[PDB]
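Novice: need a structure here:
(19 chains, ligands or ions: 9)
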Amino acid sequence: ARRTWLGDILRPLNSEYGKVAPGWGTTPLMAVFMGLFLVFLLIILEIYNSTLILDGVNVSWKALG
Amino acid sequence: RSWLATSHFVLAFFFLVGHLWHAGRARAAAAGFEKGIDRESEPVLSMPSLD
Amino acid sequence: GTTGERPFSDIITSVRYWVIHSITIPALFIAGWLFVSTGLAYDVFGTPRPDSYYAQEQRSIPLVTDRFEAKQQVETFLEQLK
Amino acid sequence: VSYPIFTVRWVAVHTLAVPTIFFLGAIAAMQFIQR
Amino acid sequence: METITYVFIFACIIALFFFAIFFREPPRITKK
Amino acid sequence: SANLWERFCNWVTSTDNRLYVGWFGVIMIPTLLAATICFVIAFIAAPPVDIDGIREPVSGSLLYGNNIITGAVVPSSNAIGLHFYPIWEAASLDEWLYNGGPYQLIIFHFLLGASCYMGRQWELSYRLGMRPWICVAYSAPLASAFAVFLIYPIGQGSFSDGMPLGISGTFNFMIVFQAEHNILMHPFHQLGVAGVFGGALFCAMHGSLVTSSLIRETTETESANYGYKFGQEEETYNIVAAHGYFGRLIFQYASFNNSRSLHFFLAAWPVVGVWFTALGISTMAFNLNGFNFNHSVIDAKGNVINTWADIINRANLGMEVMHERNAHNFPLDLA
Amino acid sequence: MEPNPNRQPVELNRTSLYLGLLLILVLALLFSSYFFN
Amino acid sequence: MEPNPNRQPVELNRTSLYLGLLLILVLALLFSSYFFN
Amino acid sequence: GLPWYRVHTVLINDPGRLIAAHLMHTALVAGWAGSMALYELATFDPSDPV
Amino acid sequence: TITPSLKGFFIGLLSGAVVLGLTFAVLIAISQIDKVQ
Amino acid sequence: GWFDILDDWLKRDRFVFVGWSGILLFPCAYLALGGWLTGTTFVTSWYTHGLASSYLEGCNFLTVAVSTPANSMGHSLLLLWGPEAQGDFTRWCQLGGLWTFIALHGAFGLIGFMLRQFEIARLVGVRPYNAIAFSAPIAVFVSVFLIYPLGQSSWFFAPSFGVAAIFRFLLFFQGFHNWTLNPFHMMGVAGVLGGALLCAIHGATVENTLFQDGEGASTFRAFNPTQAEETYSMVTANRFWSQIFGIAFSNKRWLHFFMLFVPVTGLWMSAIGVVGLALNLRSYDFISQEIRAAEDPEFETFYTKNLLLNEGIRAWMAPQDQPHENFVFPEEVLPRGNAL
Amino acid sequence: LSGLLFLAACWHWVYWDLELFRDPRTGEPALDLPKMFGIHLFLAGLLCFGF
Amino acid sequence: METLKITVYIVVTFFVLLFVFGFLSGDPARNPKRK
Amino acid sequence: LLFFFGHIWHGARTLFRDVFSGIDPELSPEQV
Amino acid sequence: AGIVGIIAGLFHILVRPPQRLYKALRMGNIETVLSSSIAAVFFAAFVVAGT
Amino acid sequence: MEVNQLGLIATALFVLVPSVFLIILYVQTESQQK
Amino acid sequence: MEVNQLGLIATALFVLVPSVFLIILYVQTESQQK
Amino acid sequence: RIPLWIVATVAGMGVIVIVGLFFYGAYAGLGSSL
Amino acid sequence: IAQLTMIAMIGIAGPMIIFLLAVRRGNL
Ligand code: CLA
Ligand code: CLA
Ligand code: CLA
Ligand SMILES: CCCCCCCCCCCCCCCC(=O)OC[C@H](CO[C@H]1O[C@H](CS(=O)(=O)O)[C@@H](O)[C@H](O)[C@H]1O)OC(=O)CCCCCCCCCCCCCCC
Ligand SMILES: CC1=C(/C=C/C(C)=C/C=C/C(C)=C/C=C/C=C(C)/C=C/C=C(C)/C=C/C2=C(C)CCCC2(C)C)C(C)(C)CCC1
Ligand SMILES: CC1=C(/C=C/C(C)=C/C=C/C(C)=C/C=C/C=C(C)/C=C/C=C(C)/C=C/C2=C(C)CCCC2(C)C)C(C)(C)CCC1
Ligand SMILES: CC1=C(/C=C/C(C)=C/C=C/C(C)=C/C=C/C=C(C)/C=C/C=C(C)/C=C/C2=C(C)CCCC2(C)C)C(C)(C)CCC1
Ligand SMILES: [Cl-]
Ligand SMILES: [Fe+2]
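Specialist: Numbering: from 1, shown residues only, chains lettered A, B, ... in the order given. Ligands and ions are numbered 1, 2, ... in the order given. The coordinates are given below.
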């Protein structure tokens, strides 16, 4: 090995290697943001594809200036 | 003239295939290896390496 | 080489199967038949009847020309006795 | 063995078999439509 | 110029063919 | 000398030659050499050829403005038709090159050699004590060359209508064929792509399955190929683990467990499919063309209701109407 | 410095050379026409 | 065939590579102007 | 030893030389960017934006 | 606010969740009926 | 835990393996095949292409199809409950809603299916080279049925699901894109054609280099399903091809990977070419050729000939192939040779 | 910037065996990916915000 | 030109004779076992 | 489109690192 | 997205990955970061090609 | 003819560079003792 | 400008070919065991 | 118990019949040309 | 008008001449 000034300061940030949470940890919470992300993307997609129209949003070169 | 010509070419061809098939088998049947290479006496293994 | 399911060979051979399927199989057949012969199919899928491609005089095609008011435009195409 | 009746295989089989014959009957009828 | 390039690559492939066939690695059995 | 001729026959038939010159080889080797040499010279330096016999020379050689993709060896003149046109049938080579002389010299020599090549694929198999039929598989690609270079010209009545010896020229043959015969709508052709698609499919199938079920004998940082030695006794892959996987992908009884039943299918499918596609070209050489569903479905009054088959016909007319501009003088194309 | 213990030797057999060269040349024979355009 | 006993191995050290490349490059930097003319 | 298409597997567990690699890569991409621009500036004509 | 196409989106977003629902509903149920070891 | 119990059930060895993948595969795969078979027999293409496309109208197995939506639709997803159909089912069919139905569903079905390959392989403990291979068919479907029309004006110019409807797609690419002249396509066919060769030549090689492991002529029974010795003489196979062709395999592990590489690589190259055709970045012409052809009226190649064929295809086909353009081409403006 | 990244690449190549890459426990080279991702993602979002 | 015809004909005859007289020279014999 | 393959490849090579280089014995399949 | 990225970042610096996931997504194996990154990379590519 | 000026060097470099790469490797493999 | 068309490839081949020769040898030397 | 060979031969003919019905329809139905 | 009556008989005739043999059990 070879210790350095910068290396020692950064030592803590890299040490908790294999450290995992027990069981299903935060998984179910994550699965909620995932489902929210999926719908979110689905929204902005259908907006871009003009499958989801909203008065106020005009998906064209217009609404610009 | 179209029906006859096409029909008999198909037949003639496949019969040329049948010929090759039955002529190739007969030569191997005669000499006696139409059922596989002899595991023991494998002919190729007795011929010099060309490499 | 085996799983839980009852070997097809036995079932396709069992008298019980045919006692069942001599009724079931032709039933679906007659049903599908009626589905067409009663002209219901024409309406379920908006498929034109032999006398419903054009108007009598008209020789033009009912091409949909805009997405949003398509449904409305289509209905208008059925209007001219098409 | 004491084989069961309704199984997953049974479901799969029918999802294809049942509509098929229903379609084979419909198409068979189409052969008589004219003008 | 173009003609030359085309024949050159072609001549090179034919050259490769030669070496590939007659200057391959001798296929040795068992003890390889 | 045990007898010169006896030695000669022993040398020819010898299985100790680097390349097995067979008895078929005695015909193949010279013929294939004449074909290739003439081709190469032609493809590079041959002058323009009046393919359609209408005094309208088509240049297909590199030195005459072509590249690899466009360049080709142009078929003999339509003025010659099915007549035999060797060099000694011309007043000069200038004339011979103008009427598409080289083409015949090549196709005849090739087809001859390519046939003996099939003949040799039996011979060596005979000399090595292995089963024949390898040549029977090669009969499929050969029968296509035959259909494309010989059978179709015979049927149509001219070698000028045979497939040219080039990339773009092959494209012309197809496009025009489609126009005159509607080949896409022909069962034999469809069987051809089926064998060809299926072939590539099964080639990937078998290829993958086997290579994925290899027994471990290699390091983590060592080529998985080295885990095999030329001349092994036992197998290099778990065919039983292969069948277990593929058997679960679809369902067990729809999976091979017999390597011999496997490789037969691997060979049977494409060969049979190409056999039909070759018979397709050979059948449509006598103008027994694909299905004609033009103006089939009509409405109750009599109006023509178009199908995709009709859209195909429009594309076909365009090919027909534009091909061989100045070659036609009369309404029907019966040639 | 310490000799890095993560390195391995590299290998390319004769066939791989041939298989390689065949790939390169024929690709060049295919794309050269479009390069000259 | 008998392995020909007349062959020796060939060698080119790292410096010789450097000395070589230096020669090739500077020659190219010298003659390139006359090549484009 | 290693096949030609595996030569970079020499870094899979060598964080130092892996960073050195990414550093070289990033340098190349940054190098391209600057010099690709110079090429455009040496050829672009601003005489008429219309 | 709340346009017809936006109303349609909810209908499709709701009819979709239902399908996911009934599917997993049935699945979780039948799964916990037999699996002995 | 219910999860591991849900897992337990799914990964149970049945007649038809389900698995986690199955939750995505079977629903889409069935709807895709079903949607096709439905439209194939019942739904029309009159209001969309001015075409009959079903058995109900009189089409046969070759001429039937599930035609693309109108050009008016654009790249709309065409949801049943979307602004176009507005929940109506009958309207949805007539607007070619079944096309985007089949496409999107089949797309996810191909995803589920490769996942199935991945999942099953993992369970059986075999290498996933079957999943890697299946990427080529994915690329094709994606590039052709999705990416290509996404580059064009609308879904209308995507290949319609049907036999004949695909044949026109071929002729179109010829007439309009000069697709045969594309280097990427050429690599495509080389792989498929070369792959269909490997398939043929290897099987035949094996069947005719077999050892004798039985006393019958039908050597099929004489195979050992439980490994052991090689069923065919690899050594004999080597010397054979080495003398007839000059080159021969000698490493089954390489021979089989090669059988994977060739057709997969080809399909991938052909995909790239199609991705280029979406923006219409085709390999239509050779500038050096056209320039000479312009100045010199006596210069003629098989390349120039083909372009004239394209001109004809475009002119005679465009009117009925692109209804939305209201094309009207007078007889006199139609490009024609002599007599014909 | 390219020139600087170049010199840096060289330093990290010669001085590859920094202790920072060694896990205190096992004494063998190791990188804690989950925490790294957190660090980078933070920097990413922080720079994204600013932009 | 009339010469070339003769030469070729001779040439072709040669190989063709070699072919016929080739398989005639007890070709079935030339093989591993039974002959 | 090309990077799709790279994802599929490396992804495979991560979840199948153990069965990489090949497989090994046993004979289970068609029986739970 | 910047703010969310800042928040999400702090999270992964603190909360450790659930055992189930760490095992599932073979974390602590850098060649799985590559698999996911590439996935994200080509996703973005398809998007920028579209816009 | 009226071709691309860069066509030549593009083809030249398309052949050499990767061919060169291989040969470098092959010859370096070939000379490994034992 | 109005330079030689072949100047580019002449310069290109003049660099690569001999440089290539060297690298081929060096790398083949470097990989010799012991 | 119904003998397998009978099941196939009956379902076999049954397929030829319905399929043959389709081919007849090619000369009578809407798929005609008359 | 409807010669399908013919085919039918001659069609079932084939399997009959072997079915009767499955009854009288012999020589198949
Ligand atoms: C799991 C299998 C599966 C999958 C992936 C799909 C996928 C799809 N189907 Mg589909 N379908 C399936 C099974 C499936 N199908 C089955 C079994 C049937 C038979 C009933 C159908 C019948 C069907 C029809 C009839 C149609 C589709 C269509 C579609 C497409 C668009 C649907 C859409 O917008 O999704 C919407 C996505 C969701 C609803 C997912 C939401 C999940 C989140 C986590 C739930 C959140 C809900 C909650 C209330 C949100 C709160 C947020 C708050 C702000 C309100 C899409 C490709 C359409 C199509 O192809 O258009 C061309 C179409 O018209 N499907
Ligand atoms: C000091 C840093 C710095 C700065 C200020 C610039 C500035 C610039 N660079 Mg540049 N560059 C840098 C470093 C830098 N560079 C380095 C180190 C490299 C080498 C890798 C490059 C390579 C480079 C190239 C190759 C190019 C530029 C270009 C440009 C110009 C246009 C930038 C643009 O459009 O953004 C582009 C914006 C993006 C690519 C957005 C990336 C966002 C990704 C998709 C998100 C990543 C996922 C993320 C982690 C998800 C979590 C986020 C969270 C918030 C949710 C601009 C002058 C362009 C130019 O005109 O040349 C001069 C150009 O083509 N740069
Ligand atoms: C984020 C990008 C990325 C990264 C970091 C890697 C990293 C890696 N890949 Mg990989 N890969 C990627 C994308 C990437 N890949 C993509 C998109 C594909 C699909 C085409 C692949 C397909 C792939 C395969 C099939 C294999 C790898 C392998 C490997 C490993 C060894 C690499 C090696 O030694 O090759 C060294 C390669 C060479 C010396 C030859 C490269 C010659 C190229 C093709 C010519 C073009 C060069 C040109 C400058 C590239 C321009 C960059 C472009 C993006 C702008 C390494 C961990 C190998 C592995 O896992 O080992 C077991 C392996 O077999 N990759
Ligand atoms: C118009 C008539 C024209 C007549 C032509 C004049 C006579 C022909 C002279 C041939 C001179 C060239 C020698 C070539 C040597 C060689 O091939 O390998 C040398 C080996 C070694 O054996 C050989 O060599 C042995 C001696 S030695 O080992 O080489 O020293 C020898 O003992 C043994 O008998 C012999 O088999 O020869 C063979 O393996 C026999 C097969 C030779 C095949 C001929 C070429 C096949 C071409 C097929 C068609 C290709 C189409 C185009 C391809 C691009
Ligand atoms: C060191 C130093 C320096 C310098 C620096 C420099 C000078 C840099 C440069 C850099 C550079 C100058 C870089 C460059 C780069 C480039 C690149 C990197 C490119 C690449 C390219 C590519 C890769 C391409 C590819 C391709 C082709 C070939 C064709 C086809 C298509 C494609 C695109 C794929 C200074 C003084 C400042 C200071 C510090 C020190
Ligand atoms: C659309 C839709 C849907 C779906 C539905 C479905 C899913 C259906 C299905 C359907 C189906 C599923 C159908 C099927 C059909 C099939 C058929 C119709 C078949 C036929 C066949 C035949 C005809 C055969 C022939 C043959 C062959 C091919 C082989 C050889 C011989 C013979 C001839 C036998 C839903 C409601 C969800 C929603 C809305 C939309
Ligand atoms: C699918 C399948 C199958 C089935 C098949 C079938 C279904 C068959 C049928 C067959 C048949 C169905 C046959 C029939 C036959 C018949 C016959 C052979 C008859 C003959 C007769 C005669 C020759 C006579 C005639 C007559 C009369 C009747 C009257 C008029 C006059 C005269 C005397 C001429 C099997 C099981 C194999 C297995 C595999 C799959
Ligand atoms: Cl033409
Ligand atoms: Fe095999």
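Novice: show me where the chain has its helices.
Specialist: If you meant another chain, say so; for now it's chain A. A:5-10, A:27-48 (DSSP state H).
Novice: hm, I was asking about chain N
Specialist: Going by DSSP H, chain N shows helices at N:2-15.
Novice: check chain F for the residue nearest chain O and tell me.
Specialist: In chain F, the residue that lies nearest chain O is residue F:220 (12.4 Å; CB to the nearest CB). For the C-beta atoms, the positions are set from N, CA and C on the backbone; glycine is no exception.
Novice: are we agreed that that residue is in a strand?
Specialist: No - applying DSSP: H, G, I helix; E, B strand; the rest coil, one finds residue F:220 to be coil, outside a strand.
Novice: contacts (any at all) between chain D and the helix or strand hosting residue K:35?
Specialist: In this structure, residue K:35 sits in helix K:19-41 according to DSSP states H and E. Yes - counting by CB under 8 Å from any CB of the partner chain, contacts between helix K:19-41 and chain D involve K:30, K:34, K:37, K:41.
Novice: can you tell if that helix touches chain J?
Specialist: Yes - applying CB under 8 Å from any CB, one finds helix K:19-41 in contact with chain J at K:23, K:27.
Novice: can you tell me the closest non-neighbouring residue to residue 18?
Specialist: Using chain A. Spatial nearest neighbour of residue A:18, chain neighbours left out: residue O:28 (6.1 Å); criterion: CB to CB, 6 or more residues apart in numbering or on different chains.
Novice: oops, wrong one, chain C.
Specialist: residue R:2 (6.7 Å).
Novice: now do the residue nearest the centre of chain S against chain E, distance only.
Specialist: The residue lying closest to the centre of chain S (CA atoms, centre = their mean) is residue S:13, at 2.2 Å. Separation of residue S:13 from chain E (CB to the nearest CB, to the nearest Å) stands at 62 Å.
Novice: quick check, that residue in a strand?
Specialist: No - Residue S:13: not assigned to a strand; according to three-state DSSP it is helix.
Novice: residue L:16 and residue E:25: what is the separation?
Specialist: 37 Å (CB to CB, to the nearest Å).
Novice: ranges for the helices of chain R?
Specialist: According to DSSP H, the helices that chain R contains are R:4-25.
Novice: what ranges do the helices span in chain J?
Specialist: Using DSSP H, helices in chain J cover J:4-31.
Novice: which single residue in it comes nearest to chain E?
Specialist: Counting by CB to the nearest CB, chain J gets nearest chain E through residue J:37, at 46.6 Å.
Novice: likewise chain L?
Specialist: residue L:2 (35.0 Å).
Novice: contacting residues for the residue nearest to residue A:18?
Specialist: The neighbourhood of residue O:28, defined by CB atoms under 8 Å, 6 or more residues apart in numbering or on different chains, consists of A:17, A:18, L:30, L:32, L:33, O:22.
Novice: can you redo those residues as TSV with neighbour count?
Specialist: Below are the contacts of residue O:28 laid out as TSV (neighbours: other CB atoms under 10 Å in any protein chain shown):
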residue	neighbour count
A:17	17
A:18	14
L:30	19
L:32	20
L:33	17
O:22	19
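Novice: identify the farthest-apart pair in those residues.
Specialist: L:30 and O:22 (14.2 Å; CB to CB).
Novice: neighbours of residue F:207, how many?
Specialist: Per other CB atoms under 10 Å in any protein chain shown, the neighbour tally for residue F:207 reads 27.
Novice: please indicate which of the residues of helix K:19-41 next to chain D are buried?
Specialist: K:30, K:34, K:41 (16 or more other CB atoms under 10 Å in any protein chain shown).
Novice: shouldn't the first one be in contact with residue D:12?
Specialist: This points to residue K:30. No - using CB atoms under 8 Å as the test, residue K:30 is too far from residue D:12 to be in contact (9.2 Å).
Novice: now residue K:216: closest residue in space that isn't a chain neighbour?
Specialist: Nearest to residue K:216 is residue K:222, by CB to CB, 6+ apart, at 6.8 Å.
Novice: and for that neighbour, the neighbour number?
Specialist: Other residues close to residue K:222 by other CB under 10 Å number 18.
Novice: again with residue S:1
Specialist: 4.
Novice: cool, residue K:110 as well?
Specialist: Neighbour number of residue K:110 under other CB under 10 Å is 19.
Novice: isn't it right up against residue K:137?
Specialist: Yes - Residue K:110 lies in contact with residue K:137 (CB under 8 Å); the separation is 7.3 Å.
Novice: looking at residue L:16 and residue E:25, which has the bigger crowd around it?
Specialist: More neighbours surround residue L:16 than the other of residue L:16 and residue E:25, with 22 against 11 (other CB under 10 Å).
Novice: contact partners for the more buried one?
Specialist: G:4, I:14, I:16, I:17, I:20.
Novice: if we go to 6 Å?
Specialist: Listed by CB atoms under 6 Å, 6 or more residues apart in numbering or on different chains, the contact partners of residue L:16 are I:16, I:17.
Novice: and it, which of the three is it?
Specialist: coil.
Novice: now it: how far from chain P?
Specialist: In terms of CB to the nearest CB, residue L:16 sits 23 Å off from chain P.
Novice: ok, now residue K:255?
Specialist: Applying CB to the nearest CB, the value for residue K:255 to chain P is 21 Å.
Novice: would that residue count as being in a helix?
Specialist: Yes - in this structure, residue K:255 lies within a helix as judged by three-state DSSP.
Novice: phi, psi for the residue nearest to it when sequence neighbours are not counted please.
Specialist: Counting by CB to CB, 6+ apart, residue K:249 is the residue found nearest to residue K:255 once chain neighbours are left out, at 4.4 Å. Main-chain dihedrals, residue K:249, degrees, to the nearest 10: phi -70, psi 170.
Novice: ok so, going back, just the contacts of residue O:28 now: which is nearest ligand 6?
Specialist: residue O:22 (39.8 Å; CB to the nearest ligand atom).
Novice: right, and the closest one touches residue A:21 too?
Specialist: No - under the contact definition of CB atoms under 6 Å, residue O:22 does not touch residue A:21, with a separation of 8.2 Å.
Novice: what about the residue nearest to residue K:216, distance to residue B:46?
Specialist: Distance from residue K:222 to residue B:46, by CB to CB: 24 Å.
Novice: got it, and residue G:19?
Specialist: 31 Å.
Novice: could you check which of these two is surrounded by more residues?
Specialist: More neighbours surround residue G:19 than the other of residue G:19 and residue B:46, with 15 against 9 (other CB under 10 Å).
Novice: contacting residues around that one?
Specialist: Counting by CB under 6 Å, 6+ apart, residue G:19 has no contacts.
Novice: mind checking which helix or strand it is in?
Specialist: helix G:14-36.
Novice: and for residue B:49?
Specialist: Using DSSP H and E, no helix or strand contains residue B:49.
Novice: ok, now which ones touch residue G:14?
Specialist: Contacts of residue G:14 (CB under 6 Å, 6+ apart): residue E:25.
Novice: on contacts alone, who are the packing partners of whichever strand or helix holds residue K:310?
Specialist: Using DSSP H and E, residue K:310 sits within helix K:302-321. Helices and strands touching helix K:302-321, by 3 or more CB pairs under 6 Å, 6 or more residues apart in numbering or on different chains; DSSP states H and E, are helix F:167-181, helix F:308-322.
Novice: off-centre distance for it?
Specialist: 24 Å (CA atoms, centre = their mean, to the nearest Å).
Novice: name the residues of that helix that come out as buried.
Specialist: In helix K:302-321, counting by 16+ other CB under 10 Å, buried: K:302-310, K:312-318, K:320-321.
Novice: compute the inter-axis angle for it and helix F:167-181.
Specialist: 40 degrees (axes from the mean of the first three to the mean of the last three CA atoms, to 10 degrees).
Novice: hmm, helix K:302-321 touching ligand 8?
Specialist: Yes - if you take CB under 5 Å from the ion as the test, helix K:302-321 does meet ligand 8, through residue K:305.
Novice: give me the residue from chain G nearest chain K.
Specialist: residue G:37 (5.0 Å).
Novice: wait, isn't that residue in contact with residue K:290?
Specialist: No - look at residue G:37 against residue K:290 with CB under 6 Å: they stay out of range, at 10.1 Å.
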